[PDB]
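Considered here are two forms of the same protein chain, supplied as structure tokens in two stand-alone entries, structure 1 and structure 2.
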Structure 1
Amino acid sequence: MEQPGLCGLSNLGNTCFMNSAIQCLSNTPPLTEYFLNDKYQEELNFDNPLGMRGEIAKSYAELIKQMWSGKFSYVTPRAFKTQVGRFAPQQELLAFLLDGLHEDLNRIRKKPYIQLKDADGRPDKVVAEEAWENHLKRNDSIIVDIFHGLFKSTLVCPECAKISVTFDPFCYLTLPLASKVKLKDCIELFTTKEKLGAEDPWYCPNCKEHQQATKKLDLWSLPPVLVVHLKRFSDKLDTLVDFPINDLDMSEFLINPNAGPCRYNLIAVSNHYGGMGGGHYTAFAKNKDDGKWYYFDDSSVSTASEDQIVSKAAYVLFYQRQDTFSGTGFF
């Protein structure tokens, strides 16, 4: 075709999930814009021991420039997949993709060792800000800017009443599934206090001993692009998760009381059809130039209506924060 971004991807074999993942990333406007304006050359990290000397970021840039040139109805991501395979010899490809891009473009030249401190008695605000600052001392890139948020973990040990509060970064949110359910039900279930199994207990440093310490997670800060992975694999759970296309307001789940509005509009959806033993991934994506929705099935690109987006096939959701929309301003 002749419109940039309406470009499919040939199936190199099975390459599970990679094409739909690339389409989700391709239709993440700030990421694609960063690559198309050649802002990535300045930031290529050539001797990061955790990176590919820039080869992942370079191959992704070439692929994205091809997809948004308007010259192709579909291309092959063969060089990109080759580099990704060298970075990750082998599931959730997305974490490895985001990590490969991040390290290839990390502004930190040499990561310093940071001694972990527990929250002690300090306020959540102080400890969260400390953790975010420490993270940026080790990880600072366009991938952090777009995708990273901060979550809280509270572990309470019944043996010695010890409470361990830690704040940790994330680049996507894996949600448990609660029969039809709403997305907010999955978020709510994500933040509920749980009892760790005997198969997965906590090593209490005060006790030098593992056992059933309660664990509860909380969202501290949410990124410009919130990636929400619905945990359908542990047989495959096909529950219809009803999620909004527009105006997802996350503020009720944020425990940072000085946080911003965090309202989101959906931009992409990774679908899976079948089960693990037999399955295929596709994607819905909103095109950044005309605002319409499209369906990407490898090389095939076609028009879509919002009627088709919310289905039980929905597997990963890409949301963009309304205050980060390019060329748009809220009051």
Structure 2
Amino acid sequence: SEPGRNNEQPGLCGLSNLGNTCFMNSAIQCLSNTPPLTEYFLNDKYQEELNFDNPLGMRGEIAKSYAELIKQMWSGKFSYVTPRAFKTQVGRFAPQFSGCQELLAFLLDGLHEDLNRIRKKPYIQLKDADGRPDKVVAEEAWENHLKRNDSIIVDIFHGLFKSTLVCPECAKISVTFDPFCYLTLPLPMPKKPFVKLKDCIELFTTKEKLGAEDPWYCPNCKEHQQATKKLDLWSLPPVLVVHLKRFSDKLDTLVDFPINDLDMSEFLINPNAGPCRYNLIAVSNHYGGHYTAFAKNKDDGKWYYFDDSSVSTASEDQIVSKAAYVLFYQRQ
């Protein structure tokens, strides 16, 4: 015998609490139930791509530790596992979390660099538009991205939006195309009791004035200026990670999001974007605190609830709640 060892359906595996990991366990369950990511590790495709000397990596330890945890969780030999080795690598390379969604951002970037196929990175001078059409600049931006960033993480999670900045003094317009690995959606302010997920996406694409976090130098004004930033979605990844920004004291707003058939087509400004419909595959919940996860199992297609070491059956009707914090969508 051993605590946690039972013969269970692969992937229906909890994670014991080991101290207080912020949103680690919930984050792992969301990534564990991203089928292209888990299949990549279960098929031993990461050994070929492990990067131990990337200056922005973790000497392969984040990818190695994560892969080995996933193999336990999908082995069918455990009802729950204690992720001590993966937690140790997170605590060693990210002490800021010892003691909140930016852990997911750290993991995506750490997995990316620990598996980055660019094994000596060129310095790339990124370039603004100058009247060139969006398709020329966007294509150019993606190849520049791929010259330094080429990994299973880019293939699965990375997309590109169009960024329009306007100088308050000079009024000059600067257009760049920037990569992203997840979207942070704002909620309406002040609180409404109910909002449609699409309203949050439309808030995301509304012109906003940069704050202290984004000091910007105007090349024309030769002046630092508080520009106006406008974001438009150019291309979307096979798995779209959507963060509901509830902390900016917490907004309990009920964000209604689709379980199936999330159509992003009306938000794509690319006329060559095809139909873009998504199905939900995972949800990280935050209780004002404690984090849990809903996830769809890739093998049986049913929904499950993950509360640390506890795994239980779930219905689609109980997923949409005020606790929803991070949504995982997979392209149809």
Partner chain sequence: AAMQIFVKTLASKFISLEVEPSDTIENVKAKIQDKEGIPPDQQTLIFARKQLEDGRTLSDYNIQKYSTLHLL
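Take the two forms, superpose them, and find the largest set of C-alpha atoms that agree within 1.5 Å; that set is the rigid core. Residue numbering: structure 1 sequence, from 1.
(request) Of structures 1 and 2, select the one representing the form deposited with the partner chain bound. (result) Number 2 is right.
(request) With the two forms aligned on their rigid core, point out which item of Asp120, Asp247, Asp200, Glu252 shifts its C-alpha by 2 Å or more between structure 1 and structure 2. (result) Going through each option, the one that shifts is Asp200.
(message) Is the shift of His210 between structure 1 and structure 2 large enough to count as movement, that is, does its C-alpha move by 2 Å or more after the core is superposed?
(response) Shift of 2 Å or more: yes.
(request) Taking the rigid core as fixed, quantify in angstrom how much the C-alpha of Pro158 shifts between structure 1 and structure 2. (result) Comparing the two forms, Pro158 shifts 3.7 Å at C-alpha.
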